[PDB]
Amino acid sequence: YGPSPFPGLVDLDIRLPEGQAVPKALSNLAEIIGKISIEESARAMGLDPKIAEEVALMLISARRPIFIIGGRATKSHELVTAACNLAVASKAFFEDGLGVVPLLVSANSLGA
Amino acid sequence: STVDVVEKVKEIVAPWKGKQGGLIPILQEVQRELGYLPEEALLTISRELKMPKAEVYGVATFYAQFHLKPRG
Amino acid sequence: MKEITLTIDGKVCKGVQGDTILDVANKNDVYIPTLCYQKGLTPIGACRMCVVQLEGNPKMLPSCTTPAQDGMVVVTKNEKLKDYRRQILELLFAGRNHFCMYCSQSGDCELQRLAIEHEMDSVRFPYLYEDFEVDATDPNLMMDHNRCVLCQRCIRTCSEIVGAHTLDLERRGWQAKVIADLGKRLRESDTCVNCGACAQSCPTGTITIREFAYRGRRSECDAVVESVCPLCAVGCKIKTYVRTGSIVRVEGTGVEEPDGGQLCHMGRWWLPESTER
Amino acid sequence: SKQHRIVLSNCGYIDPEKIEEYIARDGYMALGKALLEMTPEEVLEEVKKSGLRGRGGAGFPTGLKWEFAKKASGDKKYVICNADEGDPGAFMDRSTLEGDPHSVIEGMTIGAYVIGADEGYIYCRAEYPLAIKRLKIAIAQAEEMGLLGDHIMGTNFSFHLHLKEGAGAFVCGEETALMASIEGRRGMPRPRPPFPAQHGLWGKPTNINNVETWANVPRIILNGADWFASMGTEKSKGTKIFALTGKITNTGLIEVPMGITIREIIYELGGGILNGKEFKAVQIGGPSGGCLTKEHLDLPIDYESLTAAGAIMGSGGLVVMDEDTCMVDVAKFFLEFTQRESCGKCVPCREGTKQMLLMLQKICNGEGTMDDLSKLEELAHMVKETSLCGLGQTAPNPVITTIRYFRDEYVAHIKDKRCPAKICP
Ligand SMILES: NC(=O)c1ccc[n+]([C@@H]2O[C@H](COP(=O)([O-])OP(=O)(O)OC[C@H]3O[C@@H](n4cnc5c(N)ncnc54)[C@H](O)[C@@H]3O)[C@@H](O)[C@H]2O)c1
Ligand SMILES: Cc1cc2nc3c(=O)[nH]c(=O)nc-3n(C[C@H](O)[C@H](O)[C@H](O)COP(=O)(O)O)c2cc1C
Ligand code: SF4
Ligand code: SF4
Ligand code: SF4
Ligand code: SF4
Ligand code: FES
Ligand code: FES
């Protein structure tokens, strides 16, 4: 729910309305591990069925995707897990870990 | 009108989206239907092909056939 | 084999079958004049100062783009090569307007050092006095096209290393120029991140960081210390230059890592601005 | 007059649009005997002994280039036909694509069969609408008959052509600049050792060739190779299209075998200079080519012989000069062309070409000293030996060749301040 930090390289801007979109996202990616329902999991996400449908369609056609999770999502420790679950629901694996790559604001994170 | 050229070049870049090449023919056909390449045309070509503005201006000013100003 | 050996300047050098001659030369210690070559960028081939010839073959080969092949003898210094390199430098000086007296890089410019090492004391050419634009619209970076060698190392750094493809070449021929987006000034360009990777890549004094002019010369420093940028988590390796108890220049070590040495606006503007608080 | 026509053995005794007229004269037979009779290997080795050197100007054995392209990694190849003839005076090649596009289509198809190329491109300037039109309709009229589509002759071989319209530059005729121009970039040449046979269009191997060497692979296949090697001297075997122009009586395109003395070219083929004047010089290789004078009258015209005479073979334009013409002005005109068509990537060309133009302008205008001539000679040699693309290596050709044969005519501009051109103060 931001300014699309790359206005000119993105081809799918999905603006989520606030509230409790975390369970909505986690149930949405639940279908991608099993079936790969969507309408019921795409109401608090503020997306008409079609928008979430082709979101999932582009997410499934990618052989090696990656997710960039920002510091805004840390307003609730639930949305971080939601991103990390969207990572496993699309087989975004690397030999060092998942494709989550969090953006920490300092360097002494574990130290602090 | 600067708003006419937007959609008019949208319809010229349509047959070329996601085809890995063919930018100098796009510029050639925008030169054929306008006599020159305005800044609006180049900006919209860059936004549609998602090719940087520096590249499209470099290739537009590389060839003598093209023109960046209205010709006499 | 993947293990070849050449003879540069009589000195036998070791290398790998995949590299170029300039890489085998730099690998041991051997020196070859270079102006458009930058470690971390694909060889370009523009200045033609790295020319080198073999025994028997009278042709001249660019040591930075020609591969190394076991059994070849390499000659870097002779009368012909000195003459040709001095002619190239004199062309570069007579074409553009080089005023070393007030250049910010007037003691750490690659072109000036190459001119002094070749004993250049005259240009021999009619000194085309052309009018080139000086772009000082951006408060931080200055582009004085009177000092451009057209090595394109700024266009390669903002494209392959940074991604913000803000720079490219304008009209071809002698009228070649390094422009921002759609021929605009740097301040009007929206696709710029103000990283200064172009200022670090420029060998001449065309692109220059403005607020540390005349102070951030690497030749008149007091100490060079390498450390890490504390501001963010990426932790880029730096090459702090200290002069009279003040940081005058922060350069990005790591032209081998995927970052490529490009530091953020903070890493190379706030850190030297912090020592004067 | 009397000349051997191989490439243009169709000219006007054919219909330029309808293909069955063309096939009525052994049109596509070669393709058959190369796609249904021979193997994809012998077709290469029998071309390799035909001695067909690259008619684009270099003079490289096309068999070797085809061997380099065939023995490549990965399964994706290309074949390109360079008709971006930018020399104003080298209409040699547009006339071929306008006369018989189907022979060039045959050549590209044979190349695709030998090398193993799926796709193929042709590069024509948008300034030549006639050739573009005729080729766009000829490829269609040749795939309808099952010669340019999928499963040609039903033999596991497909070959599509995409006619690419060039933008209009002269530097874009080199291999690397052409490859960059197809990919939607600037025609800025790149270093050679990664040749355009291991790494070409989109990284895939390519086999860029000229249109007149493409127009020769069809005939050397059908008429054989021992026959094609019986019209050369000892090294360069075949015919060559020449554009004889300038102050000559008979101007146009001629087709002479290789190893012909230049006298026959200007004294008995064109019939002499276009007045009762005498012959002074002849430029052989278009703008970026040397100029030969009366000491070179019995020297056969080859690839190796012209090089020793400072003149390159490329664009094939033979422009003749009267006795009145001055060689300082000739050099300036042919260098002012190569300056405007320079890329601006290498220092030697971007700078030395402008500087040589200025030196020639001041030597012709009477303001020249005696050491500016030495400066000009050394600058020519430096630009020739240091430049990246062949444009910079052959642009200071009309200065070296005009100084090595007309040195007295230059010194006369420094000492006696008068010019034999009788045109300028
Ligand atoms: N309009 C024109 O036709 C025109 C204009 C100017 C000059 N020219 C000619 O252009 C030439 C400039 O040289 P050039 O650019 O042709 O280069 P070049 O002389 O090096 O060309 C050699 C040819 O052989 C091929 N080749 C060589 N070694 C190879 C290898 N190992 N693997 C694969 N392929 C290999 C090259 O790809 C090229 O086709 C001059 O000879 C000049 O006469 C032509
Ligand atoms: C400035 C320049 C322009 C050229 N223009 C052409 C051209 O228009 N057509 C062409 O076939 N070759 C041209 N060449 C030569 C190319 O290198 C050519 O593609 C190459 O020699 C392969 O053709 P070939 O094997 O028939 O010689 C040009 C070379 C240079 C340096
Ligand atoms: S860029 Fe270098 S050569 Fe040019 S004026 Fe500045 S110090 Fe002198
Ligand atoms: S400051 Fe950074 S983004 Fe801007 S031109 Fe220089 S390198 Fe490119
Ligand atoms: S600005 Fe600097 S790096 Fe860029 S082309 Fe000019 S001299 Fe080279
Ligand atoms: S230079 Fe910038 S990106 Fe790199 S570690 Fe420092 S703050 Fe982070
Ligand atoms: S440094 Fe080797 S060619 Fe530019
Ligand atoms: S050309 Fe010699 S007189 Fe001007």
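Residues numbered from 1 in each chain as written, not as in the entry; some residues may be left out. Chains lettered and ligands numbered in written order. Part of a larger assembly, values for the part shown. Heavy atoms only, no water. Residues with missing side-chain atoms left out of burial classes, pairs and counts.

- The record names cryo-EM as the way this model was obtained, at a resolution of 3.0 Å.

- Chain C appears in the PDB entry as NiFe hydrogenase subunit A from Acetomicrobium mobile.
- Here the PDB entry's recorded title is "Structure of electron bifurcating Ni-Fe hydrogenase complex HydABCSL in FMN/NAD(H) bound state".

- Under the PDB entry, the name given to chain A is NiFe hydrogenase subunit A, and the source organism is Acetomicrobium mobile.

**Some words on the side chain of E255(D)**
Residues and elements named next belong to chain D.
Stage number 1. Mapped onto the secondary structure, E255 falls in strand β6 (residues 252-257).
Stage number 2. Among the polar contacts listed, one links the side chain of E255 to the side chain of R5, at a separation of 3.1 Å.
Stage number 3. A distance of 3.3 Å separates the side chain of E255 from the backbone nitrogen of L8, its partner in a polar contact. (Helix = DSSP H or I, 4+ residues; strand = E, 2+ residues; numbered from the N terminus. Polar contact = N/O pair within 3.5 Å; in protein donor to acceptor, adjacent residues only side chain to side chain.)

**A look at the site of ligand 2**
Residue and element names in this part refer to chain D.
Stage number 1. Near ligand 2 you find 20 residues, and of these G56, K65, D84, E85 and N210 are the closest.
Stage number 2. Here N82 contributes a side-chain N or O atom positioned 3.3 Å from an oxygen atom of ligand 2.
Stage number 3. Separating an oxygen atom of ligand 2 from a side-chain N or O atom of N210 is a distance of 2.9 Å.
Stage number 4. When ligand 2 sits alone it has 620 Å² of accessible area, and the protein chains cover 89% of it.
Stage number 5. The residue inventory of the shell around ligand 2, partitioned by class, reads four nonpolar, nine polar and seven charged. (Near = heavy atom within 4 Å. Areas by Shrake-Rupley, 256 points an atom, 1.4 Å probe, with all protein chains shown as cover. Nonpolar A, V, L, I, M, F, W, Y, C, P; charged D, E, K, R; others polar.)

**Quick word on the interface of chain C and chain D**
Stage number 1. At the interface, 34 residues of chain C touch 32 residues of chain D.
Stage number 2. Surface buried jointly by chain C and chain D totals about 2,800 Å² across both partners, of which 56% is contributed by carbon and sulfur atoms.
Stage number 3. Here chain C is connected to chain D by two salt bridges.
Stage number 4. A salt bridge links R172(C) to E341(D), with the shortest nitrogen-to-oxygen separation between them at 3.1 Å.
Stage number 5. Inspection of the chain C/chain D interface yields 12 residue pairs in polar contact.
Stage number 6. At the level of secondary structure, the elements contributing two or more residues to the side of chain C that touches chain D comprise α2 (79-95) and β8 (168-169) of chain C.
Stage number 7. Here the side of chain C that touches chain D gets nine residues from one element, more than from any other, and that element is α2(C).
Stage number 8. Classifying every residue of the side of chain C that touches chain D by side-chain character gives 20 nonpolar, seven polar and seven charged. (Contact = heavy atoms within 4.5 Å. Buried area = accessible area lost by both parts, 1.4 Å probe. Salt bridge = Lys/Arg side-chain N within 4 Å of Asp/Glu carboxyl O.)

**Remarks on the nonpolar core**
Stage number 1. Residues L97(D), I122(D) and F159(D) are the most contacted members of the largest nonpolar core, which totals 50 residues.
Stage number 2. Considering every element that reaches this core, the biggest residue donor is helix α6 (residues 101-115) of chain D, with eight residues.
Stage number 3. Excluding anything up to four places from it in sequence, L97(D) contacts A83(D), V104(D), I122(D), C124(D), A131(D), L135(D) and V211(D).
Stage number 4. If you look at the next biggest cluster of nonpolar residues, it comprises 49 residues, including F125(C), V149(C), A331(D) and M382(D). (Core = buried A, V, L, I, M, F, W, Y, C linked by side-chain atoms within 4.5 Å. Buried < 20%, exposed > 50% of the residue type's maximum accessible area, 1.4 Å probe, protein only.)

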